[PDB]
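Heads up, the thing below is written out as structure tokens.
Throughout, a chain's letter reflects where its sequence line sits, starting with A, and its residues are numbered from 1.
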Amino acid sequence: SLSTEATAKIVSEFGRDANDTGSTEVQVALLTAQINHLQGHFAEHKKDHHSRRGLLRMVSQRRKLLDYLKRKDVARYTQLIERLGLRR
Amino acid sequence: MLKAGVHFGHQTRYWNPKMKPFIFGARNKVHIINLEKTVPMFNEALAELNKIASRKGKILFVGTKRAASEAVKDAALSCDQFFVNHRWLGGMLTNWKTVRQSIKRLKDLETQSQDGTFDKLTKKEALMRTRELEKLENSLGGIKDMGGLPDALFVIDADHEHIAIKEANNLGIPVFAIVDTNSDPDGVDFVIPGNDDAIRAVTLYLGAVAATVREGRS
Amino acid sequence: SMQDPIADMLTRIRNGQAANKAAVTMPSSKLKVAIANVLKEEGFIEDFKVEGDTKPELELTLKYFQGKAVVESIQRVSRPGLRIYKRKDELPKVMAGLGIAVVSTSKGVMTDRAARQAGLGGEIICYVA
RNA sequence: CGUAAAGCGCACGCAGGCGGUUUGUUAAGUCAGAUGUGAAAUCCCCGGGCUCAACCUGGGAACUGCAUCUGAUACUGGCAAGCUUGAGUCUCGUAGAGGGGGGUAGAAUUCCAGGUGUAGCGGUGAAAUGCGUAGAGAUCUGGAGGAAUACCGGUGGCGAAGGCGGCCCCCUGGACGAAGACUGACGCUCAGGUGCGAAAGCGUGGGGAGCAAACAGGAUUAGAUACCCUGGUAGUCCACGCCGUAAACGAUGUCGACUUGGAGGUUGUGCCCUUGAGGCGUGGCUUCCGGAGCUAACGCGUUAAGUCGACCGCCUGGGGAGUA
Ligand SMILES: [Mg+2]
Ligand SMILES: [Mg+2]
Ligand SMILES: [Mg+2]
Ligand SMILES: [Mg+2]
Ligand SMILES: [Mg+2]
Ligand SMILES: [Mg+2]
Ligand SMILES: [Mg+2]
Ligand SMILES: [Mg+2]
Ligand SMILES: [Mg+2]
Ligand SMILES: [Mg+2]
Ligand SMILES: [Mg+2]
Ligand SMILES: [Mg+2]
Ligand SMILES: [Mg+2]
Ligand SMILES: [Mg+2]
Ligand SMILES: [Mg+2]
Ligand SMILES: [Mg+2]
Ligand SMILES: [Mg+2]
Ligand SMILES: [Mg+2]
Ligand SMILES: [Mg+2]
Ligand SMILES: [Mg+2]
Ligand SMILES: [Mg+2]
Ligand SMILES: [Mg+2]
């Protein structure tokens with residue numbers, strides 16, 4: 001799916017350390033990176049419906065995590081969306 | 001008492017889950033019966049059989065497999081109890097009144113041979129009907145003088161003789177059976193786990209039972 | 001998803017009784033222990049115990065009388081989809097009082113007879129016969 | 001609600017419904033008591049009076065409700081802090097016709113050109129139409145083009161369903177296993193809605209070998225607008241868009257827990273290891289037979305149509321009619 005080097009970079013950037021992978025920010029950041037990457041894939045492969053279904057799951061999963069984070073702590077949620085530049 | 005043999009069972013493929021409590025383990029792919037559990041049940045069974053014997057009760061042995069067909073007959077000679085050595089006719093107890101006339105026919109057939117009134121020139125009178133003697137006694141030989149339903153049942157195989165078990169349950173006669181790993185329990189009021197086909201195992205059972213009835217009968 | 005753990009507790013007992021199992025085990029909770037305690041006093045279950053601290057497991061020692069299940073019939077009454085509350089005078093009696101109904105009152109979980117004597121209503125948990 | 005009427009073709013999901021476990025707190029729901037109110041009559045209970053009754057009438061109960069006040073805190077809800085078993089992320093691997101794009105290979109049908117060669121070929125129950133002395137069929141050589149991937153191949157595999165088989169490359173989704181770490185209820189279901197959805201069909205532009213609706217002829221038959229035969233167009237193929245229906249079937253909605261067994265297939269993994277085309281374990285998926293139980297019966301049976309929980313869909317005699 002995503003390269004290990006790219007995955008490791010995001011975890012350190014958004015997580016507490018290189019070992020904090022379960023954080024809601026790392027999870028959202030990982031999903032956001034994949035969705036952005038797949039934009040080029042579906043730009044050319046418009047008919048790849050089977051792979052698109054997988055993409056929609058990432059979109060749905062990200063929204064579920066985002067809403068949970070907003071409920072838990074609004075201030076931290078606001079920073080996360082600002083850094084990733086989503087929710088437009 | 002506990003001794004060699006008997007512990008052996010059948011293949012684990014054909015085991016009956018209902019008998020899980022009485023299996024000690026799976027040795028060499030064949031279940032082996034828990035003798036330490038068999039003895040308390042086996043020993044108590046003879047105690048009850050002795051108690052029924054003390055009441056002048058009638059015990060009936062049920063053995064159909066050829067590995068024990070002759071064995072049950074020998075017990076019927078050591079003690080004066082009844083037995084079945086061949087196929088169990090469907091309904092030997094549920095409709096014993098129907099089977100009564102069959103017994104009477106055997107008595108009349110038996111009588112004719114004794115005094116020689118069957119010695120006639122015609123082959124029909126001499127050969128065709130006398131063969132009914134062999135056919136009848138091989139199935140009703142041990143039940144000729146029962147004169148009624150039995151007060152207890154002894155069965156060497158709880159699945160191969162499931163017809164016999166059903167009749168006893170319907171009539172309420174207590175059932176004592178050697179129920180094997182693959183056999184079906186819950187149809188017998190007394191459970192005696194162990195082998196049901198080994199020659200050295202079967203002979204021990206009826207040989208053991210044949211003694212207690214004699215002691216109880218006195 | 002498991003949305004009503006109580007019916008899981010009742011279902012396990014019913015399934016365990018049908019299968020003639022000696023005992024049944026499941027995740028433990030304060031509410032489950034309270035119901036388990038009530039059953040123990042009434043004599044429906046022989047004994048109960050709780051093992052573990054971080055993930056405690058509740059263990060119920062089922063009992064049988066004359067080779068048949070003691071719990072003839074157990075069924076959930078109040079459910080998350082439809083919850084049942086009864087007043088002091090509306091407390092039901094199972095099998096004309098032969099059975100018991102577990103009711104959670106302000107003073108704790110107790111049988112309907114105890115709640116009626118104490119003059120308190122509350123949620124009706126289940127009927128046990 | 002498998003087969004009698006009844007599970008959307010399948011999914012993702014807002015509103016809604018419901019929600020693991022621990023402590024504290026709130027006391028809304030809930031529960032206890034009291035107060036006010038709930039007209040009288042009527043119903044009901046115990047009495048009274050018309051000679052009895054109907055009828056009349058005293059008292060009580062009832063009016064299951066609503067509102068307040070005072071308490072209770074088990075349960076549900078709100079709030080705060082938690083927790084790891086639900087769910088999810090990360091690390092290392094494995095299998096697979098999962099999807100999209102491109103390239104390529106072999107067998108073969110048809111067609112075209114040529115060589116050899118001569119009277120049949122083809123087809124059927126029989127026959128004819130048809131093809132052939134303008135040289136067919138057969139046979140060899142060369143070329144052109146289209147479509148599908150023999151053997152492997154398997155109640156085998158993958159996918160939400162529909163569905164997906166030569167080989168190679170690029171892009172890409174999901175599942176599963178091993179231990180370890182991390183987040184700490186972030187979950188389940190889903191009206192409306194949105195997406196996907198065999199084949200046929202439609203629009204535009206290509207392609208078109210084979211097959212083949214329609215159509216034509218020859219047979220069959222009392223007739224044959226059929227079955228059979230010789231031909232043959234759309235279509236079947238590609239790009240894009242539309243259509244949104246199937247016996248879209250397991251005639252069985254999704255999620256979770258629980259409940260005797262036996263024999264296989266397939267794909268990970270641990271352990272014993274010299275007495276290996278071995279021995280004992282632990283996961284995922286899957287086929288068959290069967291116990292209790294269930295079912296009108298047939299049958300289902302740990303992949304339930306058994307025992308339960310959450311939510312949604314749908315049914316209410318047949319026809320008229322899934323029609324106006
Ligand atoms: Mg992933
Ligand atoms: Mg029908
Ligand atoms: Mg139907
Ligand atoms: Mg869904
Ligand atoms: Mg809760
Ligand atoms: Mg309140
Ligand atoms: Mg009134
Ligand atoms: Mg009067
Ligand atoms: Mg009155
Ligand atoms: Mg609370
Ligand atoms: Mg909708
Ligand atoms: Mg089509
Ligand atoms: Mg077209
Ligand atoms: Mg066209
Ligand atoms: Mg044709
Ligand atoms: Mg339909
Ligand atoms: Mg089918
Ligand atoms: Mg349907
Ligand atoms: Mg369906
Ligand atoms: Mg079956
Ligand atoms: Mg219509
Ligand atoms: Mg239609």
Suppose we define a pair by two distances each less than 3.5 Å, Watson-Crick or G-U wobble; what does [N] pair with here?
N       : value
D:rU204 : D:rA239
D:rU116 : D:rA138
D:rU21  : D:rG82
D:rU68  : D:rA34
D:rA310 : D:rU254
D:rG159 : none
D:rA219 : none
D:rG281 : D:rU269

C1'-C2'-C3'-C4' for D:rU35: north (positive) or south (negative)?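 North pucker for D:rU35.
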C1'-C2'-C3'-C4' for D:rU73: north (positive) or south (negative)?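 South is the answer for D:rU73, its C1'-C2'-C3'-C4' torsion being negative.
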Counting any heavy atom closer than 4.0 Å, what does [X] reach on the DNA or RNA strands: base, sugar-phosphate only, or nothing?
X       : value
A:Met58 : sugar-phosphate
B:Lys20 : nothing
C:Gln75 : nothing
A:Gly22 : base
A:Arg53 : base

Syn or anti for D:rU76, given that syn means the glycosidic angle lies within 90° of 0?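 Base orientation: anti.
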Using centres closer than 5.5 angstrom and planes tilted less than 30 degrees as the test, would you call [N] and [M] a stacked pair?
N       : M       : result
D:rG7   : D:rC8   : no
D:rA248 : D:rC249 : no
D:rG159 : D:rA160 : no
D:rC273 : D:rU274 : no
D:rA39  : D:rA40  : yes

Using the [atom1] atoms only, state how far [M] lies from [N], rounded to an integer number of Å.
N       : M       : atom1 : answer
D:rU323 : D:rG9   : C1'   : 24 Å
D:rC188 : D:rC12  : P     : 10 Å
D:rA199 : D:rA247 : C1'   : 14 Å
D:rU254 : D:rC298 : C1'   : 28 Å
D:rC186 : D:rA87  : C1'   : 8 Å

C:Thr11 or A:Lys47: which one's nearest nucleotide on RNA chain D is closer to the 5' end?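 The residue mapped nearer the 5' terminus is A:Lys47.
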Both A:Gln34 and C:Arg12 contact RNA chain D. Taking the nearest nucleotide for each, which residue is further toward the 5' end?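 Looking at the nearest nucleotide for each, A:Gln34 comes out on the 5' side.
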Using 4.0 Å as the upper bound for N to carboxylate O, is an ion pair formed by [Y] and [X]?
X       : Y       : value
A:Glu25 : A:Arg76 : yes
A:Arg71 : A:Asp67 : no
C:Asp4  : C:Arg79 : no

Pick out which of B:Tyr205, B:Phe154, B:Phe42, B:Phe190 makes a ring pair (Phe, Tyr, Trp, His ring centres under 6.0 Å) with B:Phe176.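 For B:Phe176, the ring pair (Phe, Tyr, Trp, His ring centres under 6.0 Å) check succeeds only for B:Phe190.
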Could you list the residues that satisfy salt bridge (charged side-chain N to carboxylate O under 4.0 Å, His left out) with B:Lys65, not counting sequence neighbours?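 B:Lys65 satisfies salt bridge (charged side-chain N to carboxylate O under 4.0 Å, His left out) with B:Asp157, B:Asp196 once adjacent residues are dropped.
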Does anyone know the first and last nucleotide of RNA chain D in reach of chain A, 5' to 3', at under 4.0 angstrom to a heavy atom?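 Span of nucleotides near chain A: D:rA11 to D:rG241.
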Do B:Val62 and B:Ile156 have side-chain heavy atoms sitting under 4.5 Å apart?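 No, side chains not in contact.
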Is there a side-chain contact between A:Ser51 and A:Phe42 in this structure, where contact means two heavy atoms from C-beta onward sitting under 4.5 Å apart?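 Heavy-atom side-chain distance check passes, below 4.5 Å.
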Using a cut-off of 3.5 Å for both contacts, decide if D:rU3 and D:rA297 are a Watson-Crick or G-U pair.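 Result yes; both H-bond distances under 3.5 Å.
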Interface residues of residues 117-128 of chain C with RNA chain D (non-hydrogen, below 4.0 angstrom):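 Heavy-atom contacts with RNA chain D come from C:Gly119, C:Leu120, C:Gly121, C:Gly122, C:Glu123.
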